[PDB]
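Just one chain is shown here, as structure tokens, and it is the form deposited in one PDB entry.
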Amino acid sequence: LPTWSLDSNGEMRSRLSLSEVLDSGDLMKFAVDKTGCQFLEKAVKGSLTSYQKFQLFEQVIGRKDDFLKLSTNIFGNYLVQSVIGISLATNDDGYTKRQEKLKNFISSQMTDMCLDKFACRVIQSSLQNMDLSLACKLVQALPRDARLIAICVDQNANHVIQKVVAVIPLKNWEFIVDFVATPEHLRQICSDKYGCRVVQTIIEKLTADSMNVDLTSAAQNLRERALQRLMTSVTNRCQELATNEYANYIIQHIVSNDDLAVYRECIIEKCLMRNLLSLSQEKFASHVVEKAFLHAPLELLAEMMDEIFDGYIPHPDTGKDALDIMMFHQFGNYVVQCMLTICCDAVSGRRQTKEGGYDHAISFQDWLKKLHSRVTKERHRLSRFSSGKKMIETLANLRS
């Protein structure tokens, strides 16, 4: 802090004016100091004369290097965002030159700003507050090489991509969809803790749900094609995705979203069906198998049930079948609990049995009798386990 702005206690003076700081030439010293930036943030929200704004514009967002210095500063980035807001609210003759400049500054340093913990915040507010036509040019400045992968999996930069998805029309970021759908890119991004959230955010935006009814038909068509291309890529790798520590959340999202019903069915047929016993025994994929049972169309649900009850040959020596392996497995037990719950819900009316013009009620009764007969026969062993006790309880509590 400048000596002129300090007392004899070494602390920043009180009754300090915004014009004193703007005139001094010392703004950069205040903006990167906690207390100094704290004063500027208050001063900047008040009534500003034309000249005060003019000076903030020139000092905070008028020169590339000071702008970068502040944007990437722990305290400075807040002043930059405030001044960007004030710039956008000030429709004088210099409006367009200021906004074009800001667009140039950021564009030329897009990647580095995105990856910066503080500058990514400047990017994000610019994206949502700038005129749409200028915000779209910020998106064009995104990298198209390995740097985009790095952006998607970065703890800071992933929020930039998510913001783009939120406030920019699809045409401008359609390249990100195609980038992510590329087989090797999808693999890397989906199997990352930040990247899998980015991919789901993209999927949600590409879904024709209640939040997209404002779209024109041409825009819905554009959305559908992009969805279709991303989903094709996801389903081509559903096996790797469903079994992965992070990507399983994506597969669960698709499987349980009614507005993605056609893709849910594709996934079930592509990697789930015929692998139910195997997958039910995996730490990550068992959650996906539960989702499938819960949201499958009744025709596929019947196939899934039939696979568990009669899809596998028992062990040649002991007589242990798929249901046996599953009821006692550390992960598979949750899938059996899920099958039971579905049947009880159906038979007690808590779940719609009509679908495909016909009533599948007797199928549910059939599956329930199977489960009830097994649990009755194995009650002694099942009562050793929390999961077993839960099933026994469920069956008795349905009779009541």
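In this text, residue numbers run from 1 along the sequence as written.
This next part talks about the form deposited with a partner chain bound, which is not shown.
- In the bound PDB entry, no residue of the candidate spot (92, 132 and 137) has a heavy atom lying within 4.5 Å of the partner chain.
- Of the heavy atoms in residue 225, none are within 4.5 Å of the partner chain in the bound PDB entry.
- Contact check for residue 59: every heavy atom lies farther than 4.5 Å from the partner chain in the bound PDB entry.
- The partner chain is not shown here, but in the bound PDB entry it comes within 4.5 Å of a heavy atom of residue 312.
- Among residues of the shown chain, residue 330 is one whose heavy atoms approach the partner chain to within 4.5 Å in the bound PDB entry.
- Picking from 256-264, 322-330, 287-295, 191-199 the stretch near the partner chain in the bound PDB entry, with a 4.5 Å limit on heavy atoms, gives 322-330.
- Taking a 4.5 Å heavy atom cutoff to the partner chain in the bound PDB entry, the contact residue among 244, 107, 281, 124 is 281.
- Site annotation in the bound PDB entry: the residue of 274, 171, 97, 117 reaching within 4.5 Å of the partner chain with a heavy atom is 274.
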